[PDB]
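*Asks:*
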Amino acid sequence: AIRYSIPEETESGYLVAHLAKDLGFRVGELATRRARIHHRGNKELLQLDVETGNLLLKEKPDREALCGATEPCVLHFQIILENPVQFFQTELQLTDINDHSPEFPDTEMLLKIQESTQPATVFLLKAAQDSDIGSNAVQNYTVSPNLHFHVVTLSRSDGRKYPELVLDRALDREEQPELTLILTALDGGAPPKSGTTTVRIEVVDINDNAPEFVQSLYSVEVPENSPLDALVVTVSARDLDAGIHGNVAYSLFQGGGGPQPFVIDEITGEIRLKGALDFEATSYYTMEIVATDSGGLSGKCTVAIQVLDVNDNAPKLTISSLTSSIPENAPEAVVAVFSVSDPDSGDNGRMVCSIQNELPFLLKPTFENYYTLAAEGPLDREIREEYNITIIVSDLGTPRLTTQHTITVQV
Amino acid sequence: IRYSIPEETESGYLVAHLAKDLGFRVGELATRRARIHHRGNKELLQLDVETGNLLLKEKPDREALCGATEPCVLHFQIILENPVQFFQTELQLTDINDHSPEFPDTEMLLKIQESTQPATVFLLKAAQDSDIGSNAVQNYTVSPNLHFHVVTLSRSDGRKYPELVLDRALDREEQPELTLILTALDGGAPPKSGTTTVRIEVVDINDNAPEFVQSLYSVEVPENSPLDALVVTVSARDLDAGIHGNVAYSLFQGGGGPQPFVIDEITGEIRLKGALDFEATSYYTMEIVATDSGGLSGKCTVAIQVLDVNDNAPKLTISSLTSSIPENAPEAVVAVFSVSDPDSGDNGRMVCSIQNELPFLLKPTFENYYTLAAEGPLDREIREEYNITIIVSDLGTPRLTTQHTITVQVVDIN
Ligand SMILES: *[C@@H]1O[C@H](CO[C@@H]2O[C@@H](C)[C@@H](O)[C@@H](O)[C@@H]2O)[C@@H](O[C@@H]2O[C@H](CO)[C@@H](O[C@@H]3O[C@H](CO[C@H]4O[C@H](CO)[C@@H](O)[C@H](O)[C@@H]4O)[C@@H](O)[C@H](O)[C@@H]3O)[C@H](O)[C@H]2NC(C)=O)[C@H](O)[C@H]1NC(C)=O
Ligand SMILES: *[C@@H]1O[C@H](CO[C@@H]2O[C@@H](C)[C@@H](O)[C@@H](O)[C@@H]2O)[C@@H](O[C@@H]2O[C@H](CO)[C@@H](O[C@@H]3O[C@H](CO[C@H]4O[C@H](CO)[C@@H](O)[C@H](O)[C@@H]4O)[C@@H](O)[C@H](O)[C@@H]3O)[C@H](O)[C@H]2NC(C)=O)[C@H](O)[C@H]1NC(C)=O
Ligand SMILES: *[C@@H]1O[C@H](CO)[C@@H](O[C@@H]2O[C@H](CO)[C@@H](O)[C@H](O)[C@H]2NC(C)=O)[C@H](O)[C@H]1NC(C)=O
Ligand SMILES: *[C@H]1O[C@H](CO)[C@@H](O)[C@H](O)[C@@H]1O
Ligand SMILES: *[C@H]1O[C@H](CO)[C@@H](O)[C@H](O)[C@@H]1O
Ligand SMILES: *[C@H]1O[C@H](CO)[C@@H](O)[C@H](O)[C@@H]1O
Ligand SMILES: [Ca+2]
Ligand SMILES: [Ca+2]
Ligand SMILES: [Ca+2]
Ligand SMILES: [Ca+2]
Ligand SMILES: [Ca+2]
Ligand SMILES: [Ca+2]
Ligand SMILES: [Ca+2]
Ligand SMILES: [Ca+2]
Ligand SMILES: [Ca+2]
Ligand SMILES: [Ca+2]
Ligand SMILES: [Ca+2]
Ligand SMILES: [Ca+2]
Ligand SMILES: [Ca+2]
Ligand SMILES: [Ca+2]
Ligand SMILES: [Ca+2]
Ligand SMILES: [Ca+2]
Ligand SMILES: [Ca+2]
Ligand SMILES: [Ca+2]
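If you read the protein sequences in the order shown, they are chains B and A. Each residue of the first sequence is one higher than the one before, starting from 2 at the first, in PDB author numbering. Each residue of the second sequence is one higher than the one before, starting from 3 at the first, in PDB author numbering.
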């Protein structure tokens, strides 16, 4: 019927309006009829000065405590006249004034966002509480300047607006494990009121980096007489990831052809012998060590073992042709034809054989490791009844191995 | 002079005719006491000088006399005594397929994550074969499957190894693990087989966001519920397992106004954090979010409607009052009063009563505004005074009452 508007939190005793003038009767009538104003329920904000016919405040009106969310804030008062009994209805509209700053319930919010999160994905954040409404309510959301994210204020929901976080640039834990941002709520009033809170984003480690080997190739040499438990070479790999995505499993791939006496440890990556070696049998070993991640990522390296020849085999002497007894007057007579063989390699397999120089016999080097023992020129029967001959062959290895065979020739 | 014979040929078999090839008669060989000599190890060959023939003495094993090195050639020197003469002859052993492809491990374990991209290659152990060339491993086949296929790489100095290739993406949610049969095919005729079991274990990754059982929750709670009261329990399920399957629950209240609601991360139980009041807040709307330990999230809406309990009794206020009433006054007004009830529904609807026998009656002027008045002129002599008691009561359950007593003295003008 009759509505007057006044701002919120107006000081007590302030004049609201002229009731007598607007309603259409003299002050004398109000004084005579003992006019009194009554709010129907709670405490009365208004007083009616009947001496002047004016309507003024008694108490400071708080919008957020008398209306709250409901808008517009209108209070209903009934002014009464005694004789005759008469009622007039008057309404008081409280204008909202920005007397509350946006504030966040929690000082800091923790977020866990996995490394493998795709861009344009949206996250929901807690909102700043504001008692005020309309233009005096929360109107904007701004985040501290950063490369990865940006903040968008969504005006959804029945009332007010909430903050949403949007990702534009893909995340990587290897560069930044965690990020820290400053979230600020800006009021719509003039001047705006601030409200800050800390946003803590924790990047979750995922398996996106394959284990890589420190060294691409390993070349190590091992003697053929090494014990069964001997450390050949230890290979290692590093993973950029952490946790179960950072643990590395080592397994070996031997060559397609021929079994190998090598075994590797899953954890340490130590390559040890699983059997005995032999340079004469296998001169070289080539294999590939693979490091598989606990997720599935793998990195491969090549390992080449060159065995070292040890002079473990002594010269072998074999008799091809021999003459049990020798003539007396035979010139350039051939006693025996023998050969030497050495399975070892290098100068360990090169042989030299010797005989007593005092003896009339001499061996002539015929072919490759092929010699013939013979007597040069005629011999005497009376002078020598018999000959015990022992030829001793030795290699040029380290150490030197010797072999001797005894033969007795009767002239 | 080189002669060729297959590996593992039975002892005593004739290798070749030396006399013919070298170019002299058998008699010369017999006369000179011709003897054949292997330079080093045991001798496979024997030279029968009675026929001038060359024959085996022992069964030749390629893999034990040559091994990897090819061609397998043995060097012999044949000797003639008088005069002393040397002729060099060589024996080439042809490899025969007498070894079946075999795998070192009976079964191989692979771990391939669910998020594995197609065309990615994995390395598998190779089947060991003693033979070489065409008699070695020549082909690799895998048991027919939807996801993978096998490719044989001819890398390494010798022979070829098996590689596994992925063509169709993997999902742990459909199939947790796969089992395949790897077979190594020899090149010889007929080919020899060699099988092994391949077990692929798919590793769980975070690719499924937690989803809520019900999109919306409607629950009602009285305004006088204790601080520790179970309002509603919300739950969500995650397809993933392990840490990718664990769910964290947190609530989002409205932008405006604080709420007395608190949520548990684990149980998803929404409980009161304070007291309620229907007169203050009639409705609550919030959003429950389920965040994964990886970062994936699922959202639902929860709306709680509080129920008004008739906890407030009617309030009676006197606006205007007259202590005493004239004698011959017609329709005289004793008082003007009002009633107020903060409750809602029939809990806030009020009815007020007075003794009907009394001449006075209350007239309903406005909404919960009444005026007490006397019906007709009154007489002084009959009644010196009146005890009046107005009783106002709401229509709620239970009914709350409030009463005010006023005593009016009817006085004549004189
Ligand atoms: C290694 O072995 C695999 C499979 O081995 C087979 O299975 C084992 C158990 C043995 O039985 C082997 O004998 C088998 O070969 C080979 O891969 C595939 O082999 C299959 C054989 O069935 C091929 O499928 C066939 O494709 C035919 C179509 O061929 C058309 O094109 C050719 C081109 O030359 C032409 O000649 C022909 O006339 C057709 O026009 C089809 O008709 C037939 O029914 C059958 O389905 C398949 O194509 C082979 N795939 C590949 C990728 O090779 C490998 O070839 C083998 N590798 C070697 C020997 O090196
Ligand atoms: C003015 O009149 C009122 C109303 O009394 C009625 O009207 C008068 C004209 C007569 O006709 C009375 O007979 C009528 O009852 C008087 O109020 C009454 O007071 C008496 C004395 O205390 C009450 O009687 C007692 O009440 C005790 C308490 O009752 C309470 O509980 C009931 C519900 O169970 C509740 O309604 C009431 O308001 C009390 O809260 C009780 O323990 C005791 O046994 C006895 O019954 C009588 O109940 C009152 N009336 C009513 C309607 O309750 C005023 O006293 C009187 N004025 C003066 C100055 O005396
Ligand atoms: C929130 O406040 C900012 C002021 O910091 C408004 O300005 C935006 O950002 C910069 C200011 O540094 C301007 O250069 C841009 O042009 C503004 N962006 C847009 C989209 O206009 C920003 O507009 C405010 N947000 C809202 C929703 O009003
Ligand atoms: C709110 O207040 C802060 C200071 O507390 C300002 O930095 C901001 O711009 C806004 O005015
Ligand atoms: C918001 O940010 C300010 C600094 O800009 C702090 O002082 C305040 O406590 C809140 O964290
Ligand atoms: C060896 O033998 C298997 C059966 O045992 C065959 O499937 C294979 O193709 C090869 O002939
Ligand atoms: Ca205020
Ligand atoms: Ca305000
Ligand atoms: Ca504000
Ligand atoms: Ca990365
Ligand atoms: Ca990794
Ligand atoms: Ca990572
Ligand atoms: Ca050796
Ligand atoms: Ca050696
Ligand atoms: Ca030697
Ligand atoms: Ca063999
Ligand atoms: Ca063979
Ligand atoms: Ca074979
Ligand atoms: Ca999946
Ligand atoms: Ca999940
Ligand atoms: Ca999964
Ligand atoms: Ca209440
Ligand atoms: Ca209530
Ligand atoms: Ca009530």
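We put the CB at the ideal spot given by N, CA and C, even for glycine.
(1) Below 8 Å on the Cβ atoms is my contact criterion, and I expect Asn312(A) with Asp345(A) to pass it. Report the Cβ-Cβ distance as a whole number of Å.
(2) Return the residues of the stretch 125-157 of chain A that lie within a Cβ-Cβ distance of less than 8 Å from chain B, sorted by chain order.
(3) Which one or two residues does DSSP pair with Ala211(A) in a beta bridge?
(4) Relative to the alpha-carbon of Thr404(B), which residue among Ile390(B), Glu359(B), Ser395(B), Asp97(B) has its alpha-carbon at the smallest distance?
(5) Helix, strand or coil: how does DSSP classify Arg64(B) here?
(6) Starting from the beta carbon of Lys301(B), find every residue of chain A whose beta carbon is closer than 7 Å, and list them in chain order.
(7) For ligand 15, is there a heavy atom less than 8 Å away from the beta-carbon of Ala292(B)?
(8) Taking C-beta pairs closer than 9 Å, name the residues in chain A that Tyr163(B) reaches, listed in chain order.
(9) Checking contacts by CB at 9 Å: is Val308(A) closer than that to chain B?
(10) Could you give the uninterrupted runs of the alpha helix (DSSP H) lying entirely in the stretch 68-130 of chain B, keeping only those of 4 residues or more?
(11) Give a yes or no on whether the minimum CB-CB distance between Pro106(B) and chain A is below 9 Å.
(12) Express the C-alpha separation of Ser321(B) and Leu46(A) in angstroms, rounding to a whole number.
(13) May I have the straight-line CA-CA distance separating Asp131(B) from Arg64(B), to the nearest angstrom?
(14) What residues of chain A sit near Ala282(B), judged by a beta carbon separation below 7 Å?
(15) List the endpoints of the continuous beta strand (DSSP E) containing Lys301(B).
(16) If I measure Cβ to Cβ from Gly378(B) and keep anything under 6 Å in the same chain, skipping five residues before and after, which residues do I get?
(17) Quick one: give me the first and last residue of the beta strand (DSSP E) that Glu281(A) is part of.
(18) Between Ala129(A) and the rest of its own chain, which residues show a CB-CB distance below 7 Å, the 5 nearest in sequence each way excluded?
(19) Can you give me the start and stop residues for the beta strand (DSSP E) that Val264(A) sits inside?
(20) Can you name, in chain order, every residue of its own chain whose Cβ lies under 6 Å from the Cβ of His40(A), other than the five neighbours on each side?
(21) Run down chain A in chain order and give the residues with a C-beta less than 9 Å from the C-beta of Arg37(B).
(22) Closer than 7 Å from C-beta to any heavy atom of ligand 12: which residues, in chain order?
(23) Quick one: complete beta strand (DSSP E) runs, 3+ long, within the stretch 135-206 of chain B?
(24) For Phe214(B), which residues from the same chain have a beta carbon less than 6 Å from its beta carbon, with the 5 sequence-adjacent residues on both sides left out?
(25) Kindly list the residues whose CB is nearer than 6 Å to the CB of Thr198(A), restricted to its own chain and excluding five residues on each side of it in sequence; keep chain order.
(26) Measure the CB-CB distance between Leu20(A) and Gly54(A) and report whether it falls below 9 Å.
(27) Hey, how far is the Cα of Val200(B) from the Cα of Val152(B)?
(28) From what residue to what residue does the beta strand (DSSP E) around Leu46(A) run?
(29) For the beta strand (DSSP E) containing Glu386(A), list its first residue and its last residue.
(30) Around the Cβ of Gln261(B), are there at least 16 other Cβ atoms within 10 angstroms (buried) or fewer (exposed)?
(31) Using CA atoms only, rank isn't needed, just tell me which of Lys365(A), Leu168(A), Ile306(A) is closest to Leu148(A).
(32) For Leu397(B), which three-state DSSP category applies?
(33) Residues of chain A with CB under 7 Å from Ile114(B), in chain order?
(34) Check whether the Cβ of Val311(A) sits closer than 8 Å to any heavy atom of ligand 22, and report yes or no.
(35) For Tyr371(A), go through chain B and note every residue whose CB falls closer than 8 Å to its CB, in chain order.
*Replies:* In short:
(1) As a working note, residue 312(A) is residue 310 in the second sequence. As a working note, residue 345(A) is residue 343 in the second sequence. Going by Cβ atoms, the distance from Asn312(A) to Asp345(A) rounds to 5 Å, so yes, they are a contact pair.
(2) If you check each beta-carbon in the stretch 125-157 of chain A against every beta-carbon of chain B, the ones closer than 8 Å belong to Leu125, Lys127, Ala128, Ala129, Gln130, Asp131, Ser132, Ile134, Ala138, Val139.
(3) For the purposes of this step, residue 211(A) is taken as the residue at position 209 of the second sequence. The partner list for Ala211(A) (beta bridge, DSSP) is empty, contrary to what the question assumes.
(4) Sequence index remark: in the first sequence, residue 404(B) carries index 403 (1-based). Looking from the CA of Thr404(B), the closest CA among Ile390(B), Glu359(B), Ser395(B), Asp97(B) belongs to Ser395(B).
(5) For the purposes of this step, residue 64(B) is identified with residue 63 of the first sequence, where counting begins at 1. The answer is helix: DSSP assigns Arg64(B) an H, G or I state.
(6) One-based indexing of the first sequence puts residue 301(B) at position 300. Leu125, listed in chain order.
(7) Within the first sequence, numbered from 1, the residue matching residue 292(B) stands at position 291. Flag unset: Cβ of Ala292(B) not near ligand 15.
(8) Counted from its first residue, the first sequence places residue 163(B) at position 162. Simply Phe254, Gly256, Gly257.
(9) Residue 308(A) sits at position 306 when you count from the first residue of the second sequence. Cβ-Cβ to chain B under 9 Å: no for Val308(A).
(10) Listed in chain order, there is nothing to give.
(11) In the first sequence, residue 106(B) corresponds to position 105, counting from 1. Yes, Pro106(B) counts as interfacial toward chain A.
(12) One-based indexing of the second sequence puts residue 46(A) at position 44. One-based indexing of the first sequence puts residue 321(B) at position 320. Straight-line Cα distance between these residues: approximately 15 Å.
(13) Counting from 1 along the first sequence, the entry for residue 131(B) is found at position 130. Counting from 1 along the first sequence, the entry for residue 64(B) is found at position 63. Rounded to whole angstroms, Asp131(B) and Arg64(B) show a C-alpha spacing of 13 Å.
(14) On the first sequence, residue 282(B) is found 281 positions in, with the first residue counted as 1. Going along chain A in sequence order, the residues near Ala282(B) (Cβ under 7 Å) are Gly69.
(15) Here residue 301(B) corresponds to residue number 300 of the first sequence, with the count starting at 1. Looking at the DSSP string, the run of the beta strand (DSSP E) that includes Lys301(B) is 299-309.
(16) Looking up residue 378(B) in the first sequence gives position 377. The answer, listed in chain order, is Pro332.
(17) Along the second sequence, read from residue 1 onward, the residue named residue 281(A) stands at position 279. Here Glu281(A) belongs to no beta strand (DSSP E), and DSSP marks it neither H nor E.
(18) The sequence position of residue 129(A) within the second sequence is 127, counting from 1. Counting only Cβ-Cβ distances below 7 Å, and skipping sequence neighbours, we find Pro103, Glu104, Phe105, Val139, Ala186, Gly196.
(19) Taking the second sequence and counting its residues from 1, the one referred to as residue 264(A) is at position 262. It spans 263-265 - the beta strand (DSSP E) in which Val264(A) sits, taken as one unbroken run.
(20) Here residue 40(A) is taken as the residue at index 38 of the second sequence, counted from 1. Cβ neighbours of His40(A) beyond the five flanking positions: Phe78.
(21) In the first sequence, counting from the first residue as 1, residue 37(B) sits at position 36. Correct list: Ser321, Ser322.
(22) After applying the 7 Å Cβ criterion, the set is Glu116(B), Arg174(B), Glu175(B), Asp206(B), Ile207(B), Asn208(B), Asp209(B), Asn210(B), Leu241(B), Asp242(B), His246(B).
(23) The beta strand (DSSP E) runs of length 3 or more contained entirely in the stretch 135-206 of chain B are, from start to end of the chain, 139-144, 150-155, 163-168, 179-188, 197-205.
(24) Sequence index remark: in the first sequence, residue 214(B) carries index 213 (1-based). Around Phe214(B): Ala238, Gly300, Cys302.
(25) By one-based count along the second sequence, residue 198(A) stands at place 196. So the list reads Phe105, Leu184, once near-sequence residues are dropped.
(26) Residue numbering aside, residue 20(A) sits at position 18 when the second sequence is read from its first letter. Residue numbering aside, residue 54(A) sits at position 52 when the second sequence is read from its first letter. Their beta carbons are under 9 Å apart, which means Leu20(A) touches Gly54(A) by this criterion.
(27) Within the first sequence, residue 200(B) is the residue found at index 199, counting from 1. Within the first sequence, residue 152(B) is the residue found at index 151, counting from 1. Their Cα atoms are separated by approximately 12 Å.
(28) Stepping through the second sequence from its first residue, residue 46(A) is reached at position 44. First-last for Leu46(A): undefined, no H or E at that position.
(29) Taking the second sequence and counting its residues from 1, one reaches residue 386(A) at position 384. Where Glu386(A) is concerned, there is no enclosing beta strand (DSSP E), given that its DSSP letter is neither H nor E.
(30) Looking up residue 261(B) in the first sequence gives position 260. Flag for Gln261(B) reads buried.
(31) Here the question's residue 148(A) lines up with position 146 in the second sequence. Selection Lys365(A), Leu168(A), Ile306(A) evaluated against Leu148(A) yields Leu168(A) as nearest (Cα-Cα).
(32) For the purposes of this step, residue 397(B) is taken as residue 396 along the first sequence, with counting starting at 1. If DSSP states are grouped into helix, strand and coil, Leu397(B) belongs with coil.
(33) Along the first sequence, one-based indexing puts residue 114(B) at 113. At a beta-carbon threshold of 7 Å, the residues of chain A lying near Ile114(B) are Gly297, ordered along the chain.
(34) Counting from 1 along the second sequence, the entry for residue 311(A) is found at position 309. Inclusion of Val311(A) in the 8 Å shell around ligand 22 follows from its C-beta lying nearer than that to a non-hydrogen atom of the ligand.
(35) Along the second sequence, one-based indexing puts residue 371(A) at 369. Neighbourhood of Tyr371(A) in chain B, by CB distance below 8 Å: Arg41, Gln79, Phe88, in chain order.
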